[PDB]
Amino acid sequence: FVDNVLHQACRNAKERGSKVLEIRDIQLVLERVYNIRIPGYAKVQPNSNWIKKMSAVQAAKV
Amino acid sequence: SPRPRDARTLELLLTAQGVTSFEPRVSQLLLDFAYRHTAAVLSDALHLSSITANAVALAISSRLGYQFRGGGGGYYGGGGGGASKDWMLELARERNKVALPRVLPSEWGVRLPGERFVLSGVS
Amino acid sequence: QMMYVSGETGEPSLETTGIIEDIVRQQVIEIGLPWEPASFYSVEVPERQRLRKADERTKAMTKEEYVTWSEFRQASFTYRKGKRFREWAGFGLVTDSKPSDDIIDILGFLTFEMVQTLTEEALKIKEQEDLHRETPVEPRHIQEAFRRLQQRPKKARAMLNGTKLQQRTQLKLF
Amino acid sequence: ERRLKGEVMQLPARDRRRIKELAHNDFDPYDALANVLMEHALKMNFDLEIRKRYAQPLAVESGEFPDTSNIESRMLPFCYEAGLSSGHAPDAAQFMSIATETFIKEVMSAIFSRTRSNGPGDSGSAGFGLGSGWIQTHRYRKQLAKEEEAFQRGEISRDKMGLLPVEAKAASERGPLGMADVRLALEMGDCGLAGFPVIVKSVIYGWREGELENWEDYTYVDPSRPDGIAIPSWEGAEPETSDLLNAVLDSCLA
Amino acid sequence: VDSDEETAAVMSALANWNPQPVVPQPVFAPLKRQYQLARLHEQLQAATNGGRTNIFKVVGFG
Amino acid sequence: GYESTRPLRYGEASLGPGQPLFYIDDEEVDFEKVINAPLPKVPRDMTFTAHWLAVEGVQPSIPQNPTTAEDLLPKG
Amino acid sequence: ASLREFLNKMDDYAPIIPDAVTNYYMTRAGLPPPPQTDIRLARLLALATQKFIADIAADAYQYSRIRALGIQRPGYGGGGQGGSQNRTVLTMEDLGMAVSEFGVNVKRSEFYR
Amino acid sequence: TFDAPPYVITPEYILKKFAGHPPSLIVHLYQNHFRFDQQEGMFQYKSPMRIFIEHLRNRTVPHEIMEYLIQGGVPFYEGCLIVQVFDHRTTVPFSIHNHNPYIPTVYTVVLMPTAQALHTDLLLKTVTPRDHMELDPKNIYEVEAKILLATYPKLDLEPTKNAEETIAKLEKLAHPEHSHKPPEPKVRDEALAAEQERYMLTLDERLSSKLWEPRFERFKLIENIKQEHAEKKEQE
Numbered sequence: 694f695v696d697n698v699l700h701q702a703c704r705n706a707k708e709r710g711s712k713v714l715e716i717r718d719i720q721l722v723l724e725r726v727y728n729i730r731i732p733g734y735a744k745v746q747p748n749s750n751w752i753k754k755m756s757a758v759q760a761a762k763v
Numbered sequence: 063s064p065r066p067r068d069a070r071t072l073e074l075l076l077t078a079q080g081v082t083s084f085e086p087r088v089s090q091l092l093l094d095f096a097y098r099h100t101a102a103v104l105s106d107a108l109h110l111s138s139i140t141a142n143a144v145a146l147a148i149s150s151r152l153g154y155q156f157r158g159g160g161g162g163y164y165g166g167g168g169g170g171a172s173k174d175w176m177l178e179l180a181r182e183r184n185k186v187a188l189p190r191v192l193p194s195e196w197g198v199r200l201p202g203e204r205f206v207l208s209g210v211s
Numbered sequence: 140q141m142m143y144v145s146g147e148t149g150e151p152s153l154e155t156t157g158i159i160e161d162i163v164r165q166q167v168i169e170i235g236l237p238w239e240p241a242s243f244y245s246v247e248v249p250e251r268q269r270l271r272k273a274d275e276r277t278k279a280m281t282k283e284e285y286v287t288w289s290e291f292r293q294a295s296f297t298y299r300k301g302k303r304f305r306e307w308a309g310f311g312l313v314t315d316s317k318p319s320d321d322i323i324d325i326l327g328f329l330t331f332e333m334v335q336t337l338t339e340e341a342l343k344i345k346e347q348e349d350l351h352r353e394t395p396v397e398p399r400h401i402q403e404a405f406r407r408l409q410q411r412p413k414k415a416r417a418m419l420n421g422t423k424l425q426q427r428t429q430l431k432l433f
Numbered sequence: 160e161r162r163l164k165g166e167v168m169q170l171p172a173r174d175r176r177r178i179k180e181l182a183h184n185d186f187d188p189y190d191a192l193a194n195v196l197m198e199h200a217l218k219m220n221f222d223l224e225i226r227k228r229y230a231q232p233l234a235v236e237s238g239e240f241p242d243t244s245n246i247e248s249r250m251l252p253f254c255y256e257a258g259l260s261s262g263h264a265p266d267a268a269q270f271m272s273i274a275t276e277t278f279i280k281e282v283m284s285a286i287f288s289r290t291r292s293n294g295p296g297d298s299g300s301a302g303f304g305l306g307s308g309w310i311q312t313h314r315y316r317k318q319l320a321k322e323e324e325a326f327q328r329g330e331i332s333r334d335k336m337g338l339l340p341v342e343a344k345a346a347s348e349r350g351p352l353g354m355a356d357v358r359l360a361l362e363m364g365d366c367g368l369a370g371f372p373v374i375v376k377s378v379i380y381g382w383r384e385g386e387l388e389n390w391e392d393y394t395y396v397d398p399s400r401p402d403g404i405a406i407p408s463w464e465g466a467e468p469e470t471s472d473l474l475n476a477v478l479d480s481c482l483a
Numbered sequence: 295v296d297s298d299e300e301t302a303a304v305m306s307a308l309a310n311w312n313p314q315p316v317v318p319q320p321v322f323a324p325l326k327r328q329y330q331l332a333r334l335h336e337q338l339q340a341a342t343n344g345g346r347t348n349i350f351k352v353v354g355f356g
Numbered sequence: 081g082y083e084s085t086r087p088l089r090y091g092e093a094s095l096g097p098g099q100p101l102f103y104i105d106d107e108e109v110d111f112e113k114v115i116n117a118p119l120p121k122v123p124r125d126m127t128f129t130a131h132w133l134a135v136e137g138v139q140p141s142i143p144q145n146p147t148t149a150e155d156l157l158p159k160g
Numbered sequence: 054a055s056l057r058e059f060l061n062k063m064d065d066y067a068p069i070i071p072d073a074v075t076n077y078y079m080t081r082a083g084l085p086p087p088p089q090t091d092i093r094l095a096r097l098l099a100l101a102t103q104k105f106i107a108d109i110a111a112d113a114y115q116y117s118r119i120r121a160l161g162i163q164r165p166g167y168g169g170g171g172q173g174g175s176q177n178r179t180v181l182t183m184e185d186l187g188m189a190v191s192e193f194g195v196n197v198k199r200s201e202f203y204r
Numbered sequence: 109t110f111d112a113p114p115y116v117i118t119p120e121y122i123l124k125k126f127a128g129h130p131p132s133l134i135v136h137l138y139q140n141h142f143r144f145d146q147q148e149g150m151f152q153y154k155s156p157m158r159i160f161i162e163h164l165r166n167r168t169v170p171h172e173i174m175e176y177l178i179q180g181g182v183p184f185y186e187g188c189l190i191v192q193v194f195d196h197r198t215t216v217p218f219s220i221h222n223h224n225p226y227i281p282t283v284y285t286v287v288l289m290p291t292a293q294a295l296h297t298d299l300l301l302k303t304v305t306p307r343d344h345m346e347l348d349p350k351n352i353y354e355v356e357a358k359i360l361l362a363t364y365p366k367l368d369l370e371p372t373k374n375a376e377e378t379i380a381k382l383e384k385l386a387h388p389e390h391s392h393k394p395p396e397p398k399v400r410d411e412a413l414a415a416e417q418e419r420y421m422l423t424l425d426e427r428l429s430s431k432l453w454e455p456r457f458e459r460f461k462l463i464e465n466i467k468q469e470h471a472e473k474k475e476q477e
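Note that the protein sequences, when read in sequence, are chains I, F, C, H, Q, E, G and B. In terms of the authors' numbering, the first sequence is residues 694 to 735, 744 to 763. In terms of the authors' numbering, the second sequence is residues 63 to 111, 138 to 211. In terms of the authors' numbering, the third sequence is residues 140 to 170, 235 to 251, 268 to 353, 394 to 433. In terms of the authors' numbering, the fourth sequence is residues 160 to 200, 217 to 408, 463 to 483. In terms of the authors' numbering, the fifth sequence is residues 295 to 356. In terms of the authors' numbering, the sixth sequence is residues 81 to 150, 155 to 160. In terms of the authors' numbering, the seventh sequence is residues 54 to 121, 160 to 204. In terms of the authors' numbering, the eighth sequence is residues 109 to 198, 215 to 227, 281 to 307, 343 to 400, 410 to 432, 453 to 477.
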């Protein structure tokens with residue numbers, strides 16, 4: 694577990710342009726890969750093209 | 063009758079591989095699987111971030153830790169579970185070192201394992 | 140005060156109250236009826268252990284201790300603190316401006332129960348730890404209580420039986 | 160073969176062009192295996224710091240559960256591998272140790288809840304509280320309720336650990352967790368080990384529990400029995470000095 | 295556009311399909327072996343001076 | 081939901097000249113229609129028969145064998 | 054609440070699932086049918102299945118009702172003209188919302204191009 | 109053409125066939141460490157090279173260091189290794221008061290080849306530049357096949373008529389290397414002086430931690466640097 698979480702978190706930290714490892718990276722890995730939440734350490746919407754396609758399909762369906 | 067593209071394409075690809083018949087609802091199953099995989103991968107890549141190619145590669149590598157341990161890979165290809173071959177070789181070395189069991193002609197074909205490992209008193 | 144009413148008469152440190160506030164804030168940020240049988244139709248026609272322990276403790280209480288308990292019972296996050304609570308909870312960052320007062324009252328009702336549940340579980344964990352060795396509650400007891408409160412009923416994973424899939428969910432709202 | 164022509168010509172020319180362009184792909188040299196094969200066959220010298228990861232015993236080797244100090248020793252080589260030249264935050268090792276303890280507790284709880292029954296009740300301070308508990312049988316439930324009421328009336332006393340007589344009696348009958356329980360639990364679900372296939376494969380491929388002790392335990396096929404089963408009720466050449474050399478080598482290995 | 299030639303080309307292209315991966319497929323093994331082999335390689339590299347010294351050499355006939 | 085025995089139909093919409101879109105064809109139905117419908121037909125149970133495919137290297141002309149009308157002998 | 058009494062009261066608690074379906078799926082799973090297995094055990098299994106389905110229905114009805160800006164959620168393509176009258180329609184969106192709480196993903200594409 | 113090995117290889121056959129040849133390896137064993145004949149340093153029994161000693165106990169070829177054996181040109185005799193073992197096993217320290225003027282047995286054994294050794298050989302050949345590499349992976353299986361033909365030219369292909377004959381054949385074809393028993397199950410005053418010693422070592426940087454394998458890495462690095470600098474100077 695340790696030699697696995699650390700490996701993922703360090704590369705994730707380096708991705709976003711960081712020179713240090715922080716608790717946020719470890720938290721992201723732990724919450725998204727293992728469903729583990731540790732307390733006490735401090744949105745997507747469709748755009749216009751999708752709406753246009755949906756409107757076209759609805760108009761065809763009537 | 064109308065039919066979407068990539069469906070004719072998947073069916074032609076299946077035919078080219080020696081399949082002489084298939085049920086109608088295989089193409090749409092494959093299309094929906096592709097939709098789900100794409101959505102999951104890019105939703106992962108969004109959090110690691138505009139999204140770059142490095143974020144996509146890292147999301148794919150992370151996903152590869154708990155699924156897709158199959159395929160038709162050969163020499164040092166991660167198929168059949170993904171186990172290393174040296175580990176399997178040493179497990180085989182440990183197992184095959186014991187002498188084969190001694191069986192008399194009067195118990196050949198009739199002897200069973202111990203009571204702990206058989207289905208007695210199960211009804 | 141809220142901890143005191145729930146049977147914690149010690150003096151908790153800064154870290155314990157800090158972690159409790161963190162948990163409550165996370166919960167608040169994460170947060235007839237429309238689905239009754241009358242809704243089946245298109246026409247509507249108008250009609251026509269905790270308590271026992273608390274009682275034992277209150278009986279054991281004296282006059283001054285009882286008065287202090289009664290005064291402390293009225294602690295609230297929101298009462299006369301609408302602006303402070305709204306700034307604390309980041310209302311404008313998660314919802315449109317100025318939700319009605321009923322929402323504020325409901326949130327005040329919910330936060331108190333959150334704190335009470337957390338305290339009551341942490342006390343039991345602390346006592347069980349004390350027994351096996353042979394003071395107030397500490398952050399590790401709060402961590403154990405939080406871990407307990409995040410477990411889900413087995414009905415929510417029955418469709419993963421026999422397979423090797425990981426269960427991934429959202430934050431449970433205790 | 161006249162239907163294939165119609166199927167292919169029902170595709171528009173763009174799709175046909177895209178499909179035909181696959182022939183330009185330069186086959187599969189699979190040269191990328193080389194790296195994998197290699198994996199198996217003024218300035219700061221970061222390699223010197225990174226090579227320190229292998230100078231500490233593993234938990235399985237020392238028999239000790241990892242703590243903040245060991246995790247701190249492990250962190251820095253990982254940071255230098257990834258190009259994090261400023262190290263880690265001061266508060267990361269404690270967070271990691273807490274997470275590791277939480278993970279192990281979850282795994283063990285999942286395994287235990289599938290193979291055990293008749294745990295302590297919620298009468299006071301002992302039990303599973305607001306978490307997930309075990310199953311109960313009718314007789315245990317009846318006796319536990321009776322004893323809880325009796326204690327409430329003041330006629331019963333708990334032991335030094337706070338258990339009632341029925342709870343203590345039930346607890347004393349349990350035993351240590353064995354590999355049969357783990358194997359049974361792994362047939363019900365992942366138990367939180369989906370990301371650790373090696374552990375699962377180690378469990379599955381091993382000897383059965385109690386198999387090596389009872390090597391000569393046998394039953395027989397008997398169609399006249401209830402279940403069809405009958406239960407029985463050069464200097465110093467090797468050949469002339471191998472034993473002496475083996476004694477010396479065993480002394481060396483200790 | 296001859297239909298026979300088009301069909302032959304399309305089917306021949308589809309018969310030889312072979313996709314390439316973006317990242318390689320991982321291979322798994324226990325941690326103990328990895329640590330032990332790393333330590334052995336360190337020790338042998340130190341002993342042989344990076345390959346400049348033959349310690350297995352035998353002089354004579356035994 | 082992919083084990084359905086209903087036929088699979090597709091409808092076509094247009095995003096413009098030469099830009100078609102395809103959607104699955106569905107339609108809202110009543111519960112009375114589904115609940116009151118008859119069941120499919122039960123097939124017969126498994127069984128087996130026997131017959132002579134060949135006798136001493138020659139296939140007999142019996143109803144159980146294929147007809148000569150409808155590449156088996158070498159001609160090199 | 055004993056198991057013996059419950060199994061003895063199985064006459065009054067039989068579910069609406071026909072015995073043929075029970076036998077077919079028990080055989081698929083690996084249990085011989087009630088001729089050799091007790092009929093009461095099979096009835097109990099069918100009753101558990103009915104209870105599970107009724108739970109999944111009560112939710113998704115709650116979801117449909119609280120739903121009565161304003162665009163659909165991507166990934167739940169289905170439907171036609173949308174029914175008629177002020178009637179409650181079982182849609183893919185509500186079923187997906189409900190079964191996400193049980194650990195099931197039912198997402199699809201709306202169009203295919 | 110080559111001579112194939114017998115069905116069961118024994119130390120007697122190898123030691124008699126290959127008399128008059130130099131041994132493959134020579135190892136000296138001491139009280140707490142061992143070395144090789146031409147080695148300068150030492151290996152401790154508690155070090156990773158302990159693995160080699162285990163092979164010496166099991167009469168197996170040490171594939172885990174096969175590369176290092178190929179680099180040094182170690183000879184093989186029908187895939188086995190001949191090893192000679194030499195056996196030498198059979215006041216007031218750190219006190220200023222001390223005074224000062226300036227104040281074996283021999284064994285020979287044979288290690289036999291295994292399947293992991295052949296796997297290692299092929300894997301190493303796959304990554305050894307000579343086509344590019346000595347062996348192309350796509351040709352691996354074929355190569356392996358040929359090797360097998362040269363190792364087992366004869367097989368027992370006669371059939372049996374009943375189970376008794378099969379039992380007799382299994383009895384007759386037993387191999388010593390595969391005739392072991394199943395393994396064993398896994399198993400799990411001075412106090413005052415020790416306390417005083419611990420108390421007297423308080424706030425000690427290094428001695429406290431203990432309550453030692455010198456590799457001379459720094460000196461070797463200095464020697465390498467000096468050699469490189471001397472070579473560079475000689476150029477000018």
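Cβ coordinates follow ideal geometry from the N, Cα and C atoms, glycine included.
* Local conformation of Q/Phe322 per DSSP, three classes -> Of the three classes helix, strand and coil, the one that applies to Q/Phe322 here is strand, per DSSP.
* **Cβ neighbour criterion (16 or more within 10 Å) applied to H/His313** => With a 10 Å radius around the Cβ and a threshold of 16 neighbouring Cβ atoms, H/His313 comes out exposed.
* Own chain partners of H/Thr290 with C-beta closer than 6 Å, once the 5 adjacent residues on each side are dropped -> Within its own chain, the residues whose Cβ lies closer than 6 Å to the Cβ of H/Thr290, once the five positions on either side in sequence are excluded, are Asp356, listed in chain order.
* **CA-to-CA distance, F/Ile148 to Q/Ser297, given in whole angstroms** => Going by the C-alpha atoms only, they are around 41 Å apart.
* Asked: So does the region 413-426 of chain C actually touch the region 235-245 of chain C, counting three or more Cβ pairs closer than 8 Å?
  -> Verdict: no, contact absent.
* Alpha-carbon spacing of B/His136 relative to B/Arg165, whole angstroms -> Approximately 15 Å, taken between the alpha carbons.
* May I ask you to list the residues that DSSP assigns as paired with Q/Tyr329? => Beta-bridge pairing links Q/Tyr329 to no other residue.
* When you check each C-beta in the region 305-329 of chain Q against every C-beta of chain B, which residues fall closer than 9 Å? -> For the region 305-329 of chain Q, the beta-carbon criterion of a distance under 9 Å to any beta-carbon of chain B is satisfied by none of its residues.
* Kindly say whether I/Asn728, judged by its beta-carbon, lies nearer than 8 Å to any beta-carbon of chain C. => Chain C has a Cβ within less than 8 Å of the Cβ of I/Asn728.
* Asked: Taking 8 Å as the CB-CB cut-off, is I/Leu699 touching chain H?
  -> I/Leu699 counts as touching chain H.
* Inspect the beta-carbon positions of F/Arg70 and E/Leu88 and report whether they are closer than 8 Å. => No, the Cβ-Cβ distance between F/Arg70 and E/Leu88 is not below 8 Å.
* To do: Going by DSSP, name the residue or residues bridged to B/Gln152.
  => Its beta-bridge partners are B/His141.
* Asked: Would you call the region 100-112 of chain E and the region 190-203 of chain G in contact, with 3 or more CB pairs under 8 Å?
  -> Pairwise C-beta distances place the region 100-112 of chain E in contact with the region 190-203 of chain G, as three or more of them are shorter than 8 Å.
* **For Q/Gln337 and B/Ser155, believed in contact at Cβ under 8 Å, the rounded distance** => Between B/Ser155 and Q/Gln337, the beta carbon gap of about 6 Å places them in contact (Cβ cut-off 8 Å).
* May I ask you to report which of helix, strand or coil DSSP gives E/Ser141? => DSSP places E/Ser141 in coil when its eight states are reduced to three.
* To do: Evaluate contact between the region 89-105 of chain G and the region 67-74 of chain G, counting only Cβ atoms and requiring at least three cross-stretch pairs below 8 Å.
  => Taking 8 Å as the limit for Cβ pairs, the verdict is that the region 67-74 of chain G does touch the region 89-105 of chain G.
* To do: Rounded to whole angstroms, what's the CA-CA distance from residue 426 of chain H to F/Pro64? Just pull it up for me.
  => Absent here is residue 426 of chain H, because the residues of chain H run from 408 on to 463 with nothing modelled in between.
* In the DSSP assignment, find the beta strand (DSSP E) that holds B/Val283 and state where it starts and stops. => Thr282 to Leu288 is the span of the beta strand (DSSP E), which, as asked, contains B/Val283.
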